[PDB]
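S.K.: Could you have a look at this structure, given as structure tokens, before my questions?
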Amino acid sequence: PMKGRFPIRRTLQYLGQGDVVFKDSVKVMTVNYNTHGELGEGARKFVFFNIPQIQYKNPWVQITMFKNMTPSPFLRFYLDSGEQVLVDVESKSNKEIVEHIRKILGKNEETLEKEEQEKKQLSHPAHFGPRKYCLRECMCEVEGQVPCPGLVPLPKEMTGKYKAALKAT
Amino acid sequence: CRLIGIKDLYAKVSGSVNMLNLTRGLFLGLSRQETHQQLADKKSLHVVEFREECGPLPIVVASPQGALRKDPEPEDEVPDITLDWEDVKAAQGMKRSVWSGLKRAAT
Amino acid sequence: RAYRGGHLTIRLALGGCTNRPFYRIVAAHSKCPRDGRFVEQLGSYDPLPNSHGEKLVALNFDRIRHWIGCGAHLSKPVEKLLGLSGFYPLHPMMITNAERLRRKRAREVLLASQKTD
Amino acid sequence: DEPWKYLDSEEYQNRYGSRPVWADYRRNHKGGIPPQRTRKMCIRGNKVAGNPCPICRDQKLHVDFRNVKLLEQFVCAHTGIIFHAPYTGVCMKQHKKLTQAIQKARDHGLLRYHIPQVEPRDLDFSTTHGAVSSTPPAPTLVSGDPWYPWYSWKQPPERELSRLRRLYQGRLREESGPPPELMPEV
Amino acid sequence: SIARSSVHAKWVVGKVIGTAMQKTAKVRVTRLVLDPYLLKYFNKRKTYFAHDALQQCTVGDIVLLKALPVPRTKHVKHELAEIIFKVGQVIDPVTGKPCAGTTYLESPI
Amino acid sequence: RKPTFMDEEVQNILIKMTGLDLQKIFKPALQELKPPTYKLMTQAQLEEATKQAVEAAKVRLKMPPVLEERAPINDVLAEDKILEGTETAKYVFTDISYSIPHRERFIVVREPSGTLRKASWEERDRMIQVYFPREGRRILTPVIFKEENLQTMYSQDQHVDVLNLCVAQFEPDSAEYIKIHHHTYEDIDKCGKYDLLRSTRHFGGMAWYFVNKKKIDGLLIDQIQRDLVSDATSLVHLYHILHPXXXXXXXXXXXXXXXXXXXXXXXXXXXXXXXXXXXXXXXXXXXXXXXX
RNA sequence: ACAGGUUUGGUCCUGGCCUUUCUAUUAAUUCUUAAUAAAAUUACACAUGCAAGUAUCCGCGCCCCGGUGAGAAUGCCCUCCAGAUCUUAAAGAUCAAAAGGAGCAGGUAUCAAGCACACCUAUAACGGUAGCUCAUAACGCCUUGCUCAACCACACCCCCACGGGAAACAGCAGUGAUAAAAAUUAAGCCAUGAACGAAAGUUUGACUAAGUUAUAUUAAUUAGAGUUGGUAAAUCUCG
Ligand SMILES: [Mg+2]
Ligand SMILES: [Mg+2]
Ligand SMILES: [Mg+2]
Ligand SMILES: [Mg+2]
Ligand SMILES: [Mg+2]
Ligand SMILES: [Mg+2]
Ligand SMILES: [Mg+2]
Ligand SMILES: [Mg+2]
Ligand SMILES: [Mg+2]
Ligand SMILES: [Mg+2]
Ligand SMILES: [Mg+2]
Ligand SMILES: [Mg+2]
Ligand SMILES: [Mg+2]
Ligand SMILES: [Mg+2]
Ligand SMILES: [Mg+2]
Ligand SMILES: [Mg+2]
Ligand SMILES: [Mg+2]
Ligand SMILES: [Mg+2]
Ligand SMILES: [Mg+2]
Ligand SMILES: [Mg+2]
Ligand SMILES: [Mg+2]
Ligand SMILES: [Mg+2]
Ligand SMILES: [Mg+2]
Ligand SMILES: [Mg+2]
Ligand SMILES: [Zn+2]
Ligand SMILES: [Zn+2]
């Protein structure tokens with residue numbers, strides 16, 4: 002895209018690439034950030050780059066942002082229990098905020114890998130269906146089997162009307 | 324490009340197609356070229372081609388005659404570049420024009 | 010869709026290119042169509058004998074029994090199939106077709122030697 | 053049928069040079085974009101139609117799996133995939149014959165294609181398992197027993213049979229059922 | 002352990018839009034949505050009524066809504082849980098001091 | 065004793081024997097190309113990148129498991145003669161369950177003979193190949209493995225390709241696997257082409273089949289002609305590990321051993337053509353006194 | 001789009017229109033045979049024959065398949081499950097009504113306001129507040145099946161069927177009228193699926209195998225149609 006001042010962040014590639022996934026407890030996330038100060042600087046970047054990464058990967062988590070309410074910048078987190086997490090981001094680097102969040106409510110790499118494997122096991126090689134869900138379809142295809150008459154017309158013997166006209170006579 | 328000897332190229336043209344502006348444009352552009360040697364020289368670093376077919380193998384193309392810098396270069400999570408909406412639209416599978424993927428005769 | 014009733018049923022859906030039948034073993038609702046919706050696919054069956062002279066049957070025994078354990082019903086040809094494999098005891102009607110066929114073959118031997126005479 | 057010959061001929065070497073076949077050939081068509089697949093066949097019976105393909109305008113060319121020097125120039129050198137007819141300009145018939153040709157060519161290895169490094173099928177191969185290793189054959193097998201008592205035909209009590217006839221009396225079809233044991237026939 | 006609400010709303014935060022009813026707060030929620038053409042995130046808003054014992058919500062409040070286990074009315078599925086920022090009086094979660102905007106009213110020391 | 069391919073000695077010696085050639089390891093492939101990616105690097109970054117390369121190349125280089133042959137498995141699970149009279153062609157019952165190791169799958173058959181037989185090995189494999197299609201494998205055996213096609217592919221010096229074909233198509237414990245691998249080794253031996261498979265992951269199979277065929281000839285000759293002493297060293301070392309008790313082994317070991325003494329004593333005690341070794345083992349030696 | 005033709009005496013620039021690619025009906029001109037897929041103008045009216053039976057009573061089945069796209073901006077997606085049925089040593093399983101909501105969802109703002117569309121009392125059906133929706137498109141109007149291993153909706157019409165018009169093929173074949181739109185008043189339950197059966201088994205216009213049709217691919221036995229100023233392959237003589 003052309004318009005926008007960091008257009009690379011309106012990509013799909015930039016969206017998939019951001020990594021934080023949230024635990025199942027997180028529901029709401031509240032970013033309170035500040036416009037004017039040097040000590041705000043990191044937080045801002047986080048909103049401007051990382052917030053749109055985060056959200057994409059967690060489409061069900063409300064992410065809200067307030068400006069200039071509180072004189073010092075922070076994150077809040079509202080979990081399922083009624084647990085309220087409070088993450089102070091001040092002189093932090095943008096990267097530091099990201100990784101800190103990942104630490105606190107993340108998902109272990111193993112967790113993700115497990116889950117994706119548990120979904121990948123759902124589509125089984127051996128079934129037969131429409132090209133959408135399966136690979137192979139009619140078993141026209143597989144080598145040793147019979148060729149399906151569209152491609153390779155069948156023996157006079159195996160036709161219905163051959164059997165019919167033979168059983169009649 | 325057959326007269327230059329360029330055998331592989333993708334080129335799309337936008338706006339007015341008038342012949343003269345086109346050839347002038349093309350020639351300005353292909354003389355606008357920055358060579359690997361020149362890139363190397365201005366940045367004083369090695370330039371390294373990563374082929375996909377050859378895997379991770381880090382082929383060197385160019386070396387900075389004179390002093391090779393001892394300085395690594397900034398890796399931004401966020402590069403700032405002009406991005407053409409057409410390339411990015413291509414990237415995500417959003418070019419659906421029936422004319423595009425056509426078979427055409429040889430070069 | 011929403012139905013009045015019916016049971017979970019394991020059976021043979023027929024995909025085929027016509028004169029070349031083939032089947033997909035399927036865990037379905039009784040009240041859905043033959044080739045329509047199902048819960049889960051289980052196996053396949055290929056009636057027509059291949060290059061090697063074999064009739065291929067794939068079955069997921071783990072899942073098949075997961076559903077019978079949930080009380081799915083078997084169609085009679087799925088039971089012929091499960092019979093042969095030995096996952097299930099041979100089906101009574103198989104044996105009866107055996108006896109019938111043997112008796113007719115003996116009667117036809119006697120017809121053969123009564124026509125020869 | 054001998055392939056190699058015409059590709060090394062002085063006639064060929066004169067005509068085509070070291071450029072591929074089809075190089076100079078050009079397919080005439082209605083506009084800027086040619087129809088997405090070329091003509092069905094350029095030969096029907098004794099008649100050669102219009103401006104013929106590279107392959108069929110020259111009859112001395114033979115499409116086989118044998119001549120690699122002919123089939124080579126219809127495959128992309130770097131990509132190792134064949135060209136669709138329009139790239140080249142061959143007719144559909146000769147193009148299907150060319151695909152099928154390159155296939156048997158690669159099946160006899162007369163040609164190169166890319167062969168990837170594949171790992172072994174299995175990770176841990178243990179021949180030990182009971183599916184692989186012959187089991188302890190059934191106690192029912194050792195005796196020569198039918199696997200269940202009901203595989204065996206048992207002639208029923210005369211009581212049950214006559215009461216059975218007594219049930220169905222008007223509709224009964226009664227013919228002896230001992231199951232002759234050996235199958236084969238004329 | 003069964004107390005549930007079939008609604009995905011389970012916990013939200015929104016501004017307090019209006020007080021016009023008895024012991025019921027009109028609260029606007031705003032979530033980010035990815036506009037697929039542009040690939041950008043915009044603020045989509047949605048209003049939720051909520052229930053209040055104290056009738057404690059001034060307009061403009063940043064409020065935490067909790068899903069209610071059994072819905073009161075067609076239009077009330079929530080209960081105000083906590084006031085996150087009462088308007089015009091905001092006490093910094095970090096330092097626990099009274100503040101306006103960028104400035105502390107009573108500083109450390 | 066217990067020597068085998070997967071022993072650490074045999075492994076580290078066969079990795080060192082094989083060698084890292086980043087040009088032959090990573091080579092242009094015929095797949096549809098993409099435009100090349102470029103980046104500017106430091107000396108440091110290029111070194112780290114180089115090591116990264118070498119690390120990844122090792123994984124490419126990992127040896128295909130060698131194994132002994134499998135015996136035919138014939139066992140009948142049941143017999144009912146009553147079914148036999150059905151006179152229907154063979155039925156093949158496969159289990160497809162996603163959790164199972166493919167040697168732990170159950171593959172069964174009922175013939176027209178009214179018996180329940182387990183699947184043969186080839187049969188079993190082509191079954192799993194049907195329902196668990198894996199790339200490169202034909203479900204019916206590919207023509208190219210006929211002797212004619214074999215010789216044709218050898219002529220073209222493609223041997224890496226053939227050995228890469230069997231890895232995918234057959235199974236490492238199969239009959240055909242062994243027939244083709246071993247016959248192919250015979251070819252590189254009679255043609256002296258050994259340096260082909262050098263940087264290949266196939267090298268381990270070269271070394272083994274030969275140590276166990278006890279013809280080390282061409283590989284030693286070649287190694288000394290290629291100016292590689294250390295490889296011939298570790299190779300004789302290997303013949304000593306896979307032949308601990310023999311005249312050559314215990315004698316040329318316990319007497320004394322190093323490059324000159326062990327390579328020349330195993331050049332005298334392996335007589336296939338000891339005249340070849342002794343010739344070349346002179347030449348390299350001479351070519352040292354001129355270079356030093 | 002790899003683009004091409006076309007504004008002017010001419011040149012750029014802006015800017016429509018058209019060509020060139022692929023699919024589908026229908027028509028005209030031609031047409032040899034197979035095989036395979038597909039078959040369709042019409043919620044207009046319907047002659048006749050059939051499309052549910054099973055079974056020792058009772059029971060169970062009897063728009064389930066099958067047909068259609070008339071209706072409705074319908075709905076996709078996601079929560080949560082009453083009920084029905086199946087299995088069974090009481091808890092599993094399959095459908096899943098109602099009710100909901102993160103988000104996505106036809107055109108039109110010359111449709112801009114709608115007109116009670118809210119809440120509070122748990123007192124136990126009365127009282128109390130004065131609200132709710134809406135320019136991030138309420139409320140209208142217009143057109144419409146669909147996001148398709150399927151899902152939604154209808155079943156002569158009056159959204160709904162008590163009652164009223166009135167006597168219903170939008171099951172299979174067929175037929176009038178209508179429309180640019182044309183398949184057999186065909187044979188079998190032999191396979192599958194379904195309903196009943198304790199069972200052999202019985203029924204099934206589902207389906208199976210056919211029949212008709214250049215409608216599309218494939219193979220050959222089949223040669224014809226269109227073009228020939230330019231874009232755009234290709235021309236001589238007459239009138
Ligand atoms: Mg003008
Ligand atoms: Mg003019
Ligand atoms: Mg003028
Ligand atoms: Mg025009
Ligand atoms: Mg027509
Ligand atoms: Mg329907
Ligand atoms: Mg439909
Ligand atoms: Mg309509
Ligand atoms: Mg409407
Ligand atoms: Mg609307
Ligand atoms: Mg529901
Ligand atoms: Mg108007
Ligand atoms: Mg009142
Ligand atoms: Mg009605
Ligand atoms: Mg009535
Ligand atoms: Mg009607
Ligand atoms: Mg009809
Ligand atoms: Mg009806
Ligand atoms: Mg009519
Ligand atoms: Mg029609
Ligand atoms: Mg009938
Ligand atoms: Mg038909
Ligand atoms: Mg046709
Ligand atoms: Mg004719
Ligand atoms: Zn098929
Ligand atoms: Zn041709």
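Chains c, E, P, p, Q and a, in that order, are what the protein sequence lines are.
The first sequence runs 2 to 170 under PDB author numbering.
The second sequence runs 324 to 430 under PDB author numbering.
The third sequence runs 10 to 126 under PDB author numbering.
The fourth sequence runs 53 to 238 under PDB author numbering.
The fifth sequence runs 2 to 110 under PDB author numbering.
The sixth sequence runs 65 to 356 under PDB author numbering.
We put the beta carbon where it would ideally sit given N, CA and C, even for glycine.
1) For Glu39 of chain c, collect the residues of the same chain with a Cβ closer than 6 angstroms to its Cβ; drop the 5 residues on either side in sequence, then sort them by chain order.
2) Indicate whether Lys366 of chain E and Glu396 of chain E have their beta-carbon atoms separated by less than 9 angstroms.
3) Step through the CB atoms of chain E and report whether any lies within less than 9 angstroms of the CB of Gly141 of chain p.
4) Is any beta-carbon of chain P found at less than 9 angstroms from that of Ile160 of chain a?
5) Using CA atoms only, rank isn't needed, just tell me which of Q:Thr59, Q:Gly15, Q:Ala101, Q:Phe86 is closest to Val30 of chain Q.
6) Between the Cα of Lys24 of chain Q and the Cα atoms of Q:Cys58, Q:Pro94, Q:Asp62, which residue gives the shortest distance?
7) Nearest-angstrom Cα distance between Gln155 of chain p and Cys79 of chain P?
8) Using three-state DSSP, classify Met140 of chain c as helix, strand or coil.
9) Would you please state the rounded distance, in angstroms, between the beta carbons of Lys182 of chain a and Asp139 of chain a? I believe it to be under 8 angstroms.
10) List, in order along the chain, the chain c residues whose C-beta lies closer than 8 angstroms to that of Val336 of chain E?
11) For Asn35 of chain c, count neighbouring C-beta atoms within 10 Å of its own C-beta (all shown protein chains included) and say buried if the count is 16 or more, exposed if not.
12) What are the start and end residues of each continuous alpha helix (DSSP H) run of 4 or more residues lying completely inside the segment 76–162 of chain a, in chain order?
13) Which chain p residues are close to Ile104 of chain P, counting only those with a beta carbon under 7 angstroms from its beta carbon?
14) Against chain E, with Cβ distances strictly below 9 angstroms, would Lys126 of chain a count as a contact?
15) Could you work out which residues of chain P lie near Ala127 of chain c, taking near to mean beta carbons separated by less than 7 angstroms?
16) Within the same chain, show all residues whose beta-carbon is closer than 8 angstroms to that of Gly5 of chain c, passing over the 5 residues directly before and after it, in chain order.
17) Bridge partners for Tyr57 of chain c per DSSP, in chain order?
18) Helix, strand or coil: which one does DSSP assign to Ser53 of chain P?
19) Would you grab the beta carbon distance between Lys58 of chain c and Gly107 of chain c for me? Rounded to a whole angstrom, and I think it's under 8 angstroms.
20) Please look up how many angstroms separate the CB atoms of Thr114 of chain a and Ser263 of chain a, rounded, as I've assumed it's under 8 angstroms.
21) Just checking: is the beta-carbon of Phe126 of chain p within a distance shorter than 9 angstroms of some beta-carbon in chain E?
22) Should the segment 246–259 of chain a be called in touch with the segment 191–211 of chain p, which here means at least 3 C-beta pairs below 8 angstroms?
23) Taking a cut of 7 angstroms between CB atoms, which residues from the segment 45–61 of chain P lie near chain c?
24) Report buried or exposed for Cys149 of chain c, applying the criterion of at least 16 other Cβ atoms within 10 angstroms of its Cβ.
25) Would you mind stating whether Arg134 of chain a and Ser294 of chain a have Cβ atoms separated by less than 9 angstroms?
26) Does DSSP put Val238 of chain p in a helix, a strand or coil?
27) What does the alpha-carbon distance come out to for the pair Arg392 of chain E and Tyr102 of chain a?
28) From which residue to which residue does the beta strand (DSSP E) around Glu83 of chain Q run?
29) Kindly say whether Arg10 of chain c, judged by its beta-carbon, lies nearer than 9 angstroms to any beta-carbon of chain E.
30) Take the Cβ of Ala153 of chain p as the centre, count every other Cβ of all protein chains shown within 10 Å, and call the residue buried at 16 or more, exposed below.
31) According to DSSP, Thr71 of chain c sits in a beta bridge with which residue or residues?
32) Using a Cβ cut-off of 7 angstroms, pull out every chain E residue sitting near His136 of chain p, in sequence order please.
33) Below 7 angstroms CB to CB, which residues in the same chain sit around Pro87 of chain p once its five sequence neighbours on both sides are set aside?
34) Starting from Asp89 of chain c and walking both ways along the beta strand (DSSP E), at which residues does that stretch end?
35) Say whether the segment 213–232 of chain a touches the segment 165–185 of chain a, bearing in mind that this needs 3 or more beta-carbon pairs closer than 8 angstroms, one atom from each stretch.
36) Under DSSP, the beta strand (DSSP E) around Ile305 of chain a begins and ends at which residues?
M.R.: Judging by the given coordinates:
1) The residue given as residue 39 of chain c occupies position 38 in the first sequence. There are no such residues.
2) Position 43 of the second sequence, counted from the first residue, corresponds to residue 366 of chain E. Position 73 of the second sequence, counted from the first residue, corresponds to residue 396 of chain E. Contact: yes.
3) As a working note, residue 141 of chain p is residue 89 in the fourth sequence. It does; some Cβ of chain E falls within 9 angstroms.
4) As a working mapping, residue 160 of chain a is identified with position 96 in the sixth sequence. Output row for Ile160 of chain a: interface = yes.
5) Locating residue 30 of chain Q in the fifth sequence gives position 29, counting from the first residue. Here the closest residue by C-alpha is Q:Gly15.
6) Here the question's residue 24 of chain Q lines up with position 23 in the fifth sequence. Minimum Cα distance to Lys24 of chain Q is reached at Q:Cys58.
7) Translated into positions along the fourth sequence, residue 155 of chain p becomes position 103. Translated into positions along the third sequence, residue 79 of chain P becomes position 70. Approximately 50 angstroms between the Cα atoms of the pair.
8) In the first sequence, the residue the question calls residue 140 of chain c occupies position 139. DSSP places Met140 of chain c in coil when its eight states are reduced to three.
9) For this step, residue 182 of chain a is matched to residue 118 along the sixth sequence. For this step, residue 139 of chain a is matched to residue 75 along the sixth sequence. Yes, they are in contact, since the Cβ atoms of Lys182 of chain a and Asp139 of chain a sit about 5 angstroms apart, within 8 angstroms.
10) Indexing the second sequence from 1 puts residue 336 of chain E at position 13. For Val336 of chain E, there are no C-beta contacts with chain c under 8 angstroms, since the nearest C-beta of that chain is about 18 angstroms from it.
11) Numbered from 1 along the first sequence, position 34 holds the residue referred to as residue 35 of chain c. The residue in question, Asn35 of chain c, is buried, as its Cβ has 16 or more Cβ neighbours within 10 Å.
12) 86–89, 107–125, 145–148
13) To locate residue 104 of chain P, count along the third sequence from 1; it is residue 95. Within chain p, the residues near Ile104 of chain P are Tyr203.
14) As a first step, residue 126 of chain a must be located in the sixth sequence, where it is residue number 62. No, because no Cβ of chain E sits closer than 9 angstroms to the Cβ of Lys126 of chain a.
15) Within the first sequence, numbered from 1, the residue matching residue 127 of chain c stands at position 126. Within chain P, the residues near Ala127 of chain c are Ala67.
16) Taking the first sequence and counting its residues from 1, one reaches residue 5 of chain c at position 4. Closer than 8 angstroms at the Cβ level, and outside the excluded window around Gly5 of chain c, lie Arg11.
17) The sequence position of residue 57 of chain c within the first sequence is 56, counting from 1. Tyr57 of chain c is not bridged to any residue.
18) The residue labelled residue 53 of chain P in the question sits at position 44 within the third sequence. Strand at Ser53 of chain P.
19) Start at 1 with the first residue of the first sequence, and residue 58 of chain c comes out as number 57. Start at 1 with the first residue of the first sequence, and residue 107 of chain c comes out as number 106. The Cβ separation is near 12 angstroms, so there is no contact.
20) Here residue 114 of chain a refers to the residue found at position 50 of the sixth sequence. Here residue 263 of chain a refers to the residue found at position 199 of the sixth sequence. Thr114 of chain a to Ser263 of chain a, Cβ: 16 angstroms. No contact.
21) Taking the fourth sequence and counting its residues from 1, one reaches residue 126 of chain p at position 74. Not an interface residue.
22) Flag = no, the segment 246–259 of chain a and the segment 191–211 of chain p do not touch.
23) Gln50, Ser53, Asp55, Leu57, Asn59, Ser60, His61
24) Residue 149 of chain c sits at position 148 when you count from the first residue of the first sequence. Label assigned to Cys149 of chain c: buried.
25) Taking the sixth sequence and counting its residues from 1, one reaches residue 134 of chain a at position 70. Taking the sixth sequence and counting its residues from 1, one reaches residue 294 of chain a at position 230. The Cβ atoms of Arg134 of chain a and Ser294 of chain a lie no closer than 9 angstroms to each other.
26) Start at 1 with the first residue of the fourth sequence, and residue 238 of chain p comes out as number 186. Reduced to three states, the DSSP call for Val238 of chain p is coil.
27) In the second sequence, residue 392 of chain E corresponds to position 69, counting from 1. In the sixth sequence, residue 102 of chain a corresponds to position 38, counting from 1. For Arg392 of chain E and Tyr102 of chain a, the distance between alpha carbons rounds to 18 angstroms.
28) Along the fifth sequence, one-based indexing puts residue 83 of chain Q at 82. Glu83 of chain Q -> beta strand (DSSP E) spans 77–86.
29) Here residue 10 of chain c is taken as the residue at index 9 of the first sequence, counted from 1. Yes, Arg10 of chain c counts as interfacial toward chain E.
30) Within the fourth sequence, numbered from 1, the residue matching residue 153 of chain p stands at position 101. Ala153 of chain p should be labelled buried.
31) Here residue 71 of chain c refers to the residue found at position 70 when the first sequence is read from its first residue. Answer is none; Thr71 of chain c lacks a bridge partner.
32) Here residue 136 of chain p corresponds to residue number 84 of the fourth sequence, with the count starting at 1. Near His136 of chain p (Cβ distances below 7 angstroms), the residues of chain E are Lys426.
33) Numbered from its first residue, the fourth sequence carries residue 87 of chain p at position 35. So the qualifying residues of the chain are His81.
34) Reading the first sequence from its first residue, position 88 is the one you call residue 89 of chain c. First-last of the beta strand (DSSP E) with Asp89 of chain c: 85–89.
35) no
36) The residue given as residue 305 of chain a occupies position 241 in the sixth sequence. Not the beta strand (DSSP E): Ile305 of chain a falls in the alpha helix (DSSP H), residues 293–305.
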